[PDB]
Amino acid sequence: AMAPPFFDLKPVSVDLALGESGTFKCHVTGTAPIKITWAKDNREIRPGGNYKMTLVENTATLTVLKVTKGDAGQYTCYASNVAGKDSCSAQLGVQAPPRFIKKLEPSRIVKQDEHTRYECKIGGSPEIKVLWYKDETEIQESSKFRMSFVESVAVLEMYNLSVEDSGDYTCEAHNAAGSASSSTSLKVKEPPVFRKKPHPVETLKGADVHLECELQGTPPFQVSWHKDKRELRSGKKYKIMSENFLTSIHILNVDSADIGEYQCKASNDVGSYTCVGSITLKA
């Protein structure tokens, strides 16, 4: 007997990802033999489980073979011989991967020029890094795409939405332990607008006359023509064409009753608009 144990190298605290493994290592000096035991949160560590101990020539190791949440805590190496005792300790932290407490809804339809706000709630071990993606491209922070991640809440607010903004939006979180994602589908549609007011169209009695309105927005549209509170329909008097960007009425066999104002109304999911044109008579 004569020199008590002394750990001249102490183990280093570590954080490990669930599923992984790692090793504590220390070195002891003193009169041999020095008995070495380990404890986790004070409980003696026994061979044959998730912990594998080695002691070779005064280097003691403990390997956590497959990290589970249960493994977090203080690991202590005890040394003892006839002269005395030492011990040394390190902490194991266990990192859990991100998990979406609150996911994005599957889809949305929004009108051109509007804003929309996406919100996710994410848990897991810090630091969690959040990035948003549009059709697999990373969204960059800007006046149009405002992002934040505060107190577990990931937010993308988007402004001035346009048709090229339609697509798949993904919020992806990652940390030391893995990653998680939540996606959504956005559709941006333009409302119908008739931006040009048609000049009046002059006709003669017995003639046919064509009236048209140029249309913008996201098709398809529901289109109706009216005059004097009556909806006008295709037949023997009117031939109505509704194309994606041009609506027209062809009025056959003009008589006095055809002269006046005509309204074309167009609508889709995100709005409607009304075009006004007139037919006038000569003689």
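Residue positions are given as counts along the sequence shown, with the first one as 1.
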{"property": "Higher-B stretch (mean Cα B-factor, as the entry records it), 81 to 89 or 100 to 108", "result": "100 to 108"}
{"property": "Mean C-alpha temperature factor, higher of 181 to 189 and 71 to 79", "result": "181 to 189"}
{"property": "Criterion, highest CA B-factor; candidates, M241, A32, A39, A60", "result": "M241"}
{"property": "Third of the chain, ranked by Cα B-factor, where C264 sits", "result": "middle"}
{"property": "Chain thirds of CA B-factor: placement of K227", "result": "middle"}
{"property": "B-factor third for the C-alpha atom of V12 within its chain", "result": "middle"}
{"property": "Chain-wide C-alpha B factor ranking for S152, given as lowest, middle or highest third", "result": "highest"}
{"property": "Modelled-residue ranking by C-alpha temperature factor, third containing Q216", "result": "highest"}
